[PDB]
Amino acid sequence: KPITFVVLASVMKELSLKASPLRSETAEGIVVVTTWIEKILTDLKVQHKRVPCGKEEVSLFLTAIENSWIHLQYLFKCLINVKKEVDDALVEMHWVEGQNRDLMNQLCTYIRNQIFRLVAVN
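Positions 310 to 381, 513 to 562 (the UniProt record's numbering) are the ones given, in order, by the sequence shown.
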């Protein structure tokens, strides 16, 4: 029952350019996006590994840590799929293990937010 968000085929094009401005047309669109999610996660010192996936997607398995303390610690687990849907990229995130399922939305909203900061490279 996964959270999703599209990356538009133009946002991909801009992510490719950022991945190599001085060259062109190197790698698939979903692959480029995935390696930008991989950049975003390592920067958070989130652990992740690419896992076997389907023919028309790339998958990250990731392990983040959460802390639940009192009155303003634990490990949670997610599968990110980056699948080519229509012309654009569909990003699915599946909650696998952990306490607060709503931390996925926090991580997903963050990642997708991080993507669009990168694309404002204008």
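Even for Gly, the Cβ is constructed at its ideal location relative to N, Cα and C.
By a beta-carbon distance limit of 8 Å, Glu537 does not contact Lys524. Their separation comes to about 27 Å. Where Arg552 is concerned, there is no enclosing beta strand (DSSP E), although the alpha helix (DSSP H) around it starts and stops at 542-559. In this structure the stretch 354-363 does not touch the stretch 317-335; the number of beta carbon pairs closer than 8 Å is below three.
Secondary structure note for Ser319: its alpha helix (DSSP H) is the uninterrupted segment 318-328.
Its Cα nearest to that of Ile312, the residue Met544 stands out among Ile555, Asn553, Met544. Of the candidates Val561, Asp352, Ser368, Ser368 places its Cα closest to the Cα of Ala529. In the three-state DSSP reduction, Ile374 falls in the strand class (E or B).
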